[PDB]
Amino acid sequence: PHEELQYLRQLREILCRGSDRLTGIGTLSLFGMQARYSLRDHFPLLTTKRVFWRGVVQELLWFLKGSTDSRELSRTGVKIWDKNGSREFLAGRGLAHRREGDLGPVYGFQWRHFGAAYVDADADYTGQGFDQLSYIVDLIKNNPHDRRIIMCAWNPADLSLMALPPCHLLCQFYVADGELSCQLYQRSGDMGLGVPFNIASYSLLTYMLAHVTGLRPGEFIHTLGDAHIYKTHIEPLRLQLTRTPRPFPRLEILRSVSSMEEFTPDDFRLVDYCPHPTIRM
């Protein structure tokens, strides 16, 4: 039974039993969902519609950098954070005095410098705040059965400095039988666009962490809070609800990388990815 059917059943449920609720734009939604994806023999990149894999990779490395600069992601060809880094959008957020591309203390800053005072995207933060990436990497290496291997992006005190508050709040990691697993808690999930993307991101993070630590990829567990469908997306989502999953691709890591920071997009080969055609939403 294909694991992608979990995602497809969740879609089907939200569309059929979801709550119909409206500030700006309207959605169908359910609350509390969990799905499991094996990482042992394949990589759970959804096949019912093509997922922007190039975006997935560039954005994770950009996160892992600690960068909060939407321009630096943009330079690589990935424009998904650009609407949010415009001086116009920032102004609308009451953050007008930002330079272009300064998103505030978003994921990268929270992952590498939690609790630090944010100044701007160009400030040097070395040795400031709590480095969560170094923290979990050390625990996975030297104390793998620890129950506190967590990386959290939710920092309520920093919300008003943020262009957009984080959706995927925290990940926890788990080690058993030489396998590295990961649970992601996502407060909010757009099933039409974000959620396939998000599944891929944290699955990737786990492959990367597994590699760097000498472990094999295990399970990725996806726990949603608000799982929702935007109503404008209903006829394209019914389209994808008709399609049968193709087998998952595999993910190869093309070289020895000793540090989470030394990865490059060319270290990853996506083998045998054959999605159905892209659906625009």
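The numbering used is simple: start at 1 and walk along the sequence shown.
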*asked:* Can you tell me how many deposited residues have no coordinates between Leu22 and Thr23? The categories are none, 1 to 3, 4 to 9, and 10 or more.
replied: 1 to 3
*Stretch exceeding the other in mean C-alpha B-factor - 218 to 226, 250 to 258*: 250 to 258
*Quick one: which of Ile199, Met151, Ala91, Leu180 shows the highest Cα temperature factor in the PDB entry?*
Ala91
*For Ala96, return the chain-relative third of its C-alpha B-factor as stated in the PDB record: lowest, middle or highest.*
highest
*Would you mind checking where the Cα B-factor of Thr242 ranks among the modelled residues of its chain, as the lowest, middle or highest third?*
highest
*asked:* Please say which third, lowest, middle or highest, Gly129 falls into when its CA temperature factor is compared across its chain.
replied: middle
_Can you tell me whether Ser74 has a C-alpha B-factor in the lowest, middle or highest third compared with the other modelled residues of the same chain?_
highest
*Taking the chain's C-alpha temperature factors as the reference, tell me which third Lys141 falls into: lowest, middle or highest.*
middle
